[PDB]
Every structure is written in C-alpha cells, then in structure tokens.
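The block underneath contains the structure these notes are about, expressed in structure tokens.
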Amino acid sequence: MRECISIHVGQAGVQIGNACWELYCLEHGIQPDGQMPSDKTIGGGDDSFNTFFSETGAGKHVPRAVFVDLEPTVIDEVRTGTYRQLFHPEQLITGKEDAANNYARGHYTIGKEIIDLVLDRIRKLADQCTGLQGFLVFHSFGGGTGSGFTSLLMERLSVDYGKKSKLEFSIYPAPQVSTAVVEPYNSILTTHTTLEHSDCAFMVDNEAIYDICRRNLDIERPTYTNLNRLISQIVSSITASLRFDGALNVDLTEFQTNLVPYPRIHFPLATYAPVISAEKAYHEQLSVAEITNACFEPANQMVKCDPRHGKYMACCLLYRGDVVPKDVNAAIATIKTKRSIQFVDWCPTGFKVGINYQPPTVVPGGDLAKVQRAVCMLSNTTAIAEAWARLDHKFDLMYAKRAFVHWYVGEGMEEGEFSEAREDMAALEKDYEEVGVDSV
Amino acid sequence: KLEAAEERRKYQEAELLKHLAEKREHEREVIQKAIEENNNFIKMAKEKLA
Amino acid sequence: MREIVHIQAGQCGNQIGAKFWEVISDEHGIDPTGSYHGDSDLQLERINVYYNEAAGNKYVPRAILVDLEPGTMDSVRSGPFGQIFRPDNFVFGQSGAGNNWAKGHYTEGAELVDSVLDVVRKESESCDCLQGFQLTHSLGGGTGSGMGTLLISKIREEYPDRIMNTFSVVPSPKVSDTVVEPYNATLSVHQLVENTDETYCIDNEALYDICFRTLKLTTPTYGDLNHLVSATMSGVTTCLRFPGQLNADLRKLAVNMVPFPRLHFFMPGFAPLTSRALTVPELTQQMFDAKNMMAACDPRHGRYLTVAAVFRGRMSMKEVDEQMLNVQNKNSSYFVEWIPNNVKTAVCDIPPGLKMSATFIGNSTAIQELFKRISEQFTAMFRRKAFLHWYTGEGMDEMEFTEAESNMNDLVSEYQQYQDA
Ligand SMILES: Nc1nc2c(ncn2[C@@H]2O[C@H](COP(=O)(O)OP(=O)(O)OP(=O)(O)O)[C@@H](O)[C@H]2O)c(=O)[nH]1
Ligand SMILES: Nc1nc2c(ncn2[C@@H]2O[C@H](COP(=O)(O)OP(=O)(O)O)[C@@H](O)[C@H]2O)c(=O)[nH]1
Ligand SMILES: [Ca+2]
Ligand SMILES: [Ca+2]
Ligand SMILES: [Mg+2]
Ligand SMILES: [Mg+2]
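As you go down the protein sequences, you meet chains C, E and B in turn.
Counting from 1, one number per residue, gives the positions in the first sequence under the entry's author numbering.
Counting from 53, one number per residue, gives the positions in the second sequence under the entry's author numbering.
Residue numbering for the third sequence is 1 to 275, 282 to 358, 368 to 436, as defined by the entry's author numbering.
Structure representation (structure tokens):
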C-alpha cells in the first residue's frame, strides 16, 4: 500500500536508476540476489520499503521499476552486471535503434514502435499494487529517447492512469558532458509536451553536479559514474520519506502541498549537504548547523541559479541520520538573522522540516565520506527560471536560422511545434516573474 | 396553543432538513464536477495525442 | 438526559481522543481491559454518560474512531488503553486526505461517511436517552476538518433534536504542517458556525506558548501540547461525568453559555499549569489569567458574555464562592452588564495527579482575535489564488472560498457588535 513505480528512460535515466537501486539495496540490507535476511515476512508485506520493492515467495525483493531504452547497449550492462538477478527480464526493455539525439524520433518514428509494450510492462507492475500512489520518471532533457520517448510515455500515462501522481527527475544539459548540439531543441520540446502531465519535476543541472564533484570531491574530470553517485544521494534523500518509517518523518506528498502553489510552478530547487571527501571528513564532524548553513550556499545547489536574487514561495528541509528538532530549530533561527531569504508576500515564511533517523549510506568505491547526518533542501524559488532563460536563449540563437530543424521536419514534425513549445516556455518565464510581484 | 407550538417546531425542523437537502445536492455536484474534469482531461489528452 | 456518543476524526482528533479516554478511564477507575478497580461510588454513578456496560461488568467507551488512513488508528490500537475500544468502532479508509478539506468533505470522505453513520446509529440505538455527540478533530488538516464537518452535517440530518459539541484544534504557523491550514480552517469554521451548539477552541498557538513561556519546554512536541488538551478536556467534561447541579448535561450547558446561536465558540482555561499545594485565591487568579487560556486571545480585549468555572478537589466551598465573587466585583467591566449573574461555579470532590484544579470555560467577545488571525492568513494566499488548484482539482469552485471567508468575517462583526453593546 502506497506503492511507487520508477520508470528509467534512455541512457541517463537508466544509468541514474542503476546508481539509485544499488544505493536503496545497501540502505535496506538487500543483497544483489534480492534476498533481505532482516525481512521476516516471506513473499509479501506492507513495510515502508515495500513502497519501492515487491517480494516473491522465494524471498526476492524486486524493484517496482521499468528500464526503457531504444538501443540495447546500456540496459545490456544491467542484464549482465552485479544487480542482474534483482530485476525480472520483462522489467528491462530495449529496442534496436536509438533516437539519434532527435526528440521527433523518440516521440514518433522509433518511440511509436515500443510504447504499447512499455505500457504493457508498467500495467503488470501496477496490477501487483494494492494502493499505487504514482510514478517517478528519470530521463535526460537532451537525448532523443530521454526527451521524445519520455514525453510520449507521460502523455500515455495521463490517459491510462488519469490523475495518478507523476514526478520527474530530469537531467538538464551541461556543455562539459553534452553529446548533442540540438539538446536545447530537445529540452524545450519535452518541457512543453510534459508540463501539463507532470505534478512535480526535480531538475538536475549536469554542470552543478560536475562542479560539486570537481570543487568538493577533488575529482579532476568527473565521469557519469561520479555524477550519478552524487545524484543517487539526492534522489535517496527525497524518496527516504516513502521508504522508511519514523515519528518525525514527513511524507513527500506533504512537502508537495507546500512546493506547488500553481500547477505550472512545479520545479523545486534541491540543495544537498554535506558533500565531502573521506580525507576531509576525517576528524571533522559537520553539525546540524553546518549542514543546514550549507543549504543556502549556491555552490551546493543541483541547478545553477542565484536564489539571493529571487523570492522563496517554499522552503523544506529533509534531514537524515543523527538530527533532533532542537538542533534544527536553533540552526534555522541563526540562518534567518544572517541570510538573503526573501519570501513572496502571499506565502508564509516557516520552513517545513522532516527527519528520517536512518543515516546516509555510501556505495563501496565511492567518492563521498560516510557522515552521521545529511540534509536535502527543496525550495520553490523564482531563481529556478534562470535555468529556463539559459536554455531558451540557446534555442533562439539556432531557431532564428532554423539550424538542424530539417532533422525534425524529416521525421514528420512541423515548425509550428517548435514555435508553440517556445511560446509555452516564454509564458512559463513570465509566470515565474508574475508570482514574484507583490500583491496590490 | 400546544398544537400551534408543535407546528412551529415541525416547521423549523422541515426548514432545516430542506437546507441540509440542498447541502447533499451541492456535495453530489462537487464530486460529479471532479469526475467530469478528470474524464475531460483524459479524453482531451487521448485526442491531442491521436 | 444520559448518553453521549464520542467521535474522533483524523490524526489530531484520534491522538487527543485517545489521551481523553486514557485520562477519564483513570478518573473513573476503569483499567485498559475495561474492568472497574476504583475506591468510590462517585466514579460509577454517571459512568453510563461515556461508557457502555458489556458481559462480565466490562466498561466500553461509547467512542467511534475515524480516519481516511490507518496509521494513527494502528498507533491507538497499540497505545496503552488501545484494547478498551470496541473493535467494530474503528472505521478507516486507505487513501488519506492529503491535508485537503475538499478530499475530507467531498471526495475521499464521502466514500467512507456512510459506514461511520452505521456505527453512530448502532451506538445511538442502544442509548436509553441520547443527549448528543462530541467530536474531537483539528481544523487544519483534511480528515478531521473536511470529513469531521461532513459527519456533523449528516449527524444533524439524522438527529436534529440532539446537541452537537466539538473540541476543535485551530492551526498556528508556530505548530504548522502545511501552508493550506488557513484554507481548511476557514472552510471548517463556516460549518461549525451553523452545525454545532458548543465548540471548545483549542488553539495550537496558545498550547505552544504555554509549553514554551510558562512550562519552560524549549522544544514542545505534539505530546506536550496534548497533555494540556487532555487536562482541559477532563476539566470541561467533569460536570457531565460526576454528580452535580450545574451544567450537568450538554443542553443545560448550551442554555447557560450561548445567548445567540452563532456565538458558541468557547475559550477554555486550566490551573495549575503542569508538564506542591495551590490555594483557592491562587487557582481563581490563575484560571482567569490570559497565560492559562487555551485560545490565544487577550480576554482584556473583549467582554465575557458567560463563564463556567469548575473547581476540583477537597477545598472550602465558602472560599470558592468568596474568590469567584472577588474576581467579578474587581473586574466588573469585563462581564457584560446585560446578562446578570453570567458566571456559574461547580465544585467536584474528585481531583484529576493534583490536590486541586480549576477549569475555566468562557464565551468572550475576544475570541474574534482567533478568527481575525485565521482570516488574515486566508486572505494573504486567497488574493493570489495560491494553492487553490489542490481544491479545484477535487471539484470545488473559488466562490465556495469567498462564501466561507464572508461568513467568518460576519462572525467577527457579530462578536464586535456585542463587545460595543
Ligand atoms: N548525469 C548524467 N547525465 C547523463 C548520463 N548519460 C547521459 N547523460 C546526459 O544526457 C544527455 C544525453 O541524453 P542520453 O540519455 O544519453 O540520450 P538517450 O535518452 O539515450 O537518447 P538517444 O541516445 O538519442 O536515443 C546529455 O545531456 C548527457 O550529458 C548519465 O549517466 N548521467
Ligand atoms: N494539538 C495537536 N495538534 C495536532 C496534532 N496532530 C496534528 N495537529 C495539528 O492538526 C493539524 C493537521 O491536521 P491532522 O489532524 O494531522 O490532519 P487529518 O488527519 O487530515 O485530520 C495541524 O494544525 C497540526 O498542527 C496533535 O496530536 N495535537
Ligand atoms: Ca516482507
Ligand atoms: Ca475509492
Ligand atoms: Mg541513447
Ligand atoms: Mg497530519
């Protein structure tokens, strides 16, 4: 009861899913074969970890997850890798030909050939749920599958599950690790087509994660493996309230009430601390006040933008580990007297707090220090619109010359879809200005 | 004078139960509006995609 | 006039409800298995007001436990007195109400409400002479607020000649779960104004301030807040539960306390405040002190329409009468002169882990401060239609929010009218 189904789409979605599920197995004491010795109820139950794991009669704990890619090579590494026994083969879905960094191929030409099979496999997971809460969708903005197949899937899920919650984890493109010149086209097309179908979207700027890996973990040239381990810690903080019990534990749905004042304004800024090497953590214990203070440093944000130059509509603190409310409340009081935290005039200023007592876990061979306490701040700030403004500008430079547009038109798209998507983004940028203006 | 009193009590009671009846009518209209908007969303997403 | 049916709805309602039954079971000498092991005939004389008698001289609370999620009722069933409740009186769905009044009142709650009324009817049918109903709930969430006020409307439809009493926990930004609490509270107050006879306003603002300022608790928990609520609830139900002359049933309390039908929102108070020996002068001064009030309203900012004072313990009835007369005579301007003798006093010999205590129930025009505070928080969001999509998604229109706001502003004006008269 209260099951959540995860859907991992395309390379970024799949490799981030690998890192998240590895970490969840370590957090819950689940072995790579699916066995969980601490679980005394064989073949079922309604423990908090059953939101994300189903159970077979043979004691196997199976992710409530589908992995989809339009080419096989990334999902083939899950099929032959360390966690190969965790997943039933029917949860891992591949085509033969990818979307070639083209939204139009992911949504239409290649995507149409596999969408009915993917919905079939998702239906099989939904049918084993006694009270399905909703879906968590992991994808890139920049890839053809991450952009175009995800848009198609989100539209089809609105039809087949009506208003069931759909949450996204969306990888926003950075030039240091980008693979396509057309990523801005793909980003705007998928944001436009998905925006009415998504309840809440957590954007992860590859450039913010890349910089955190370089600056805080002293990684000279971060790989996807480095970025994904850090992303999995942030995802785990957000989903921890669904996967664990505790008196001070606050369900993600209750944070969502505070984070989404209007349906379109559904893009929270995540900030995570502490991100520290084993060599720096040694004999340096970071207190509740230190990790809380670090949530108001822009350098710890998942998206590059400056909240000191916008307005808050919501601030949520999701603590894990050795944290009591007394220390949180003193940390917040100190921060209020010292920082640039300006709320809109129509929103209350209180910070909403959750505490999960289970400390953070790290993956063996990882870059992050094992710490006693961590925090993820989810804020609704007008500053997140900066990320849209950057992408919209790159879109405008190329689109004014119709650069690369023939690749989309060749797959059956019209120019009208480009100008409609871009107009929706202009109206979104404008919505973020309007909600920040003072009431008359 | 006792029957007249009783009839005023029965009148005030029938007035209350009429007002509570309009409330049940309104409750029935809120949930039907919720269903009709969910169905119209699904319908219009289905048609736009086709 | 005899049986009361108790309903507890949602997380808050069930947490304060469970503490109420623990506290009054201990006062009446009832143990967690429902067996009587007390030392006084005073404990059993009016036991039937709150308890049914079962096979083998077992006492079973006349209590119905309601929620749209199972979690808080599983915790009640595991709590100390959890086994005393009738198992068929647990009525719960699986969906929850997401802190949304519209889900409680119109969508999720509507699905569950008929099965709650089946249990109310079963309890009501075996009553020799039902006095009426008391509901414990919060106004800030979805189940207690939205489904609680739906239940009240349906109970009134089926029992229109019976008294409806609520213990209603008013939300505060100081002890807040969501930004939408002021919406849920305004929609609920609109229901309570029309469909209750008596509402005890339990303000989380006041309970927090008492725990912080007076009891020196640096970090108040819901447990600390609920200790104040359960002591107040024991105090204000003493006259219903023990032999006595004054306010001995729900209709007589209403007739003494409610001069105009809409002005039925009471400011409770308690002395002494607790987490060794108090004199009658000290009880009396403390029970009337702003700092001992469970609603964050300054009684010096309004006038008392009516007051009930209940003294508990072995004390001089002469000294209680003298002190109660002293407060009225010395502070005469704060008691409206157009309701003569508007302060009534009861004394019960059985004290609550104290030798003596005083409970205060006031109908003060200062209660408008509580409604104005909720009204200001409502408007700040409603002028930008902020967070409304949570409510329009369940079929509600903006107009329903405009009507609730107007009716609550009208209630404020009416308190102001009698304050100036
Ligand atoms: N953080 C992170 N970003 C990734 C990862 N893999 C790819 N990306 C980013 O995702 C974007 C490219 O999309 P991909 O997910 O590779 O493409 P796809 O969804 O497989 O789409 P096609 O290959 O075109 O069918 C770029 O912005 C990459 O930097 C990954 O494992 N982690
Ligand atoms: N005093 C008190 N207030 C509570 C308690 N639990 C929740 N609240 C308050 O009740 C409101 C939330 O409603 P709640 O009862 O949790 O939601 P429901 O289950 O949907 O009715 C907020 O105003 C909280 O501050 C409690 O045990 N005691
Ligand atoms: Ca199990
Ligand atoms: Ca249902
Ligand atoms: Mg690919
Ligand atoms: Mg709650």
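Even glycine gets a Cβ: it sits at the ideal position worked out from N, Cα and C.
Proximity of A102 of chain E to chain C, defined by a Cβ-Cβ separation below 8 angstroms, is not satisfied.
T194 of chain C is outside the set of residues whose beta carbon lies under 8 angstroms from a beta carbon in chain B. With a beta-carbon spacing of about 19 angstroms, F20 of chain B and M267 of chain B fall beyond the 8 angstroms limit used to define contacts.
The alpha carbon of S172 of chain B has as its nearest neighbour, out of B:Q392, B:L68, B:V5 and B:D304, the alpha carbon of B:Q392. Shown in chain order are the members of the stretch 387–418 of chain B whose Cβ falls below 7 angstroms from a Cβ of chain E: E409, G410 and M411. Set against 7 angstroms, the gap from the CB of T145 of chain C to the closest heavy atom of ligand 5 is smaller. Interface residue (Cβ-Cβ distance to chain C less than 8 angstroms): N256 of chain B is not classified as such. For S158 of chain C, the closest Cβ of chain E is nearer than 8 angstroms.
In this structure, C:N380 is the residue among C:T109, C:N380 and C:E55 with its C-alpha nearest to the C-alpha of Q256 of chain C. With a threshold of 7 angstroms, the Cβ atom of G10 of chain C counts as near ligand 5, since some heavy atom of the ligand is closer than that. For the stretch 57–68 of chain E, the set of residues with a beta-carbon nearer than 7 angstroms to any beta-carbon of chain B comprises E65 and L68, in chain order. In the displayed model, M313 of chain C falls within a strand according to three-state DSSP. Interface flag for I94 of chain E against chain C is set, since a Cβ pair is found closer than 8 angstroms.
The stretch 304–311 of chain B makes contact with the stretch 331–347 of chain B; the number of CB pairs closer than 8 angstroms reaches 3 or more. Residue state for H61 of chain C is assigned as strand, using DSSP reduced to three classes.
When DSSP states are grouped into helix, strand and coil, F294 of chain B belongs to the coil group.
With fewer than 16 other Cβ atoms inside 10 Å of its own Cβ, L331 of chain B counts as exposed. Within 7 angstroms of the CB of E155 of chain C, the CB atoms of chain E belong to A97 and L101, in sequence order along the chain. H37 of chain B counts as exposed, since fewer than 16 other C-beta atoms from the protein chains shown sit within 10 angstroms of its C-beta. Apart from the 5 residues on each side of it in sequence, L318 of chain C sits with its Cβ closer than 6 angstroms to the Cβ of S237, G354 and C376 in its chain, given in chain order. The beta carbon of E74 of chain E does not come within 8 angstroms of any beta carbon belonging to chain B, so the residue lies off that interface. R398 of chain B has no beta-bridge partner at all, per DSSP. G134 of chain C has C:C4 and C:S165 as its beta-bridge partners, per DSSP. Of all residues in the stretch 170–189 of chain B, those with a C-beta nearer than 7 angstroms to a C-beta of chain C are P173, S176, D177, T178, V179 and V180, reading in chain order. Between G142 of chain B and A97 of chain B, the CB-CB gap stays under 8 angstroms. Between ligand 1 and the CB of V177 of chain C, the shortest heavy atom gap is smaller than 7 angstroms.
Cα atoms of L228 of chain B and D345 of chain C: separation of roughly 34 angstroms, rounded to the nearest angstrom. When CB distances to chain B are screened at a threshold of 7 angstroms, the residues of the stretch 232–262 of chain C falling below it are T253, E254, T257, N258, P261 and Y262, in chain order. By the neighbour-count criterion, in which a residue is buried when 16 or more other Cβ atoms sit within 10 angstroms of its Cβ, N57 of chain B is exposed. A distance filter of 7 angstroms between CB atoms and the heavy atoms of ligand 3 selects the following residues in sequence order: C:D39, C:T41, C:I42, C:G44, C:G45, C:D47, C:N50 and C:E55. For ligand 6, the residues with a Cβ under 6 angstroms from any of its heavy atoms are, in chain order, B:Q11, B:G141 and B:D177. Those residues of the stretch 84–111 of chain B placed with their C-beta closer than 9 angstroms to a C-beta in chain C are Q94, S95, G96, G98, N99 and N100, ordered along the chain. Inclusion of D69 of chain C in the 7 angstroms shell around ligand 5 follows from its C-beta lying nearer than that to a non-hydrogen atom of the ligand. Ranked by Cα distance from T72 of chain B, the options B:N48, B:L217, B:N14 and B:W344 are led by B:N14. The criterion of a C-beta distance shorter than 8 angstroms is not satisfied by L368 of chain C and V235 of chain C.
Listed along chain B are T219 and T221, each with a C-beta nearer than 9 angstroms to that of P325 of chain C.
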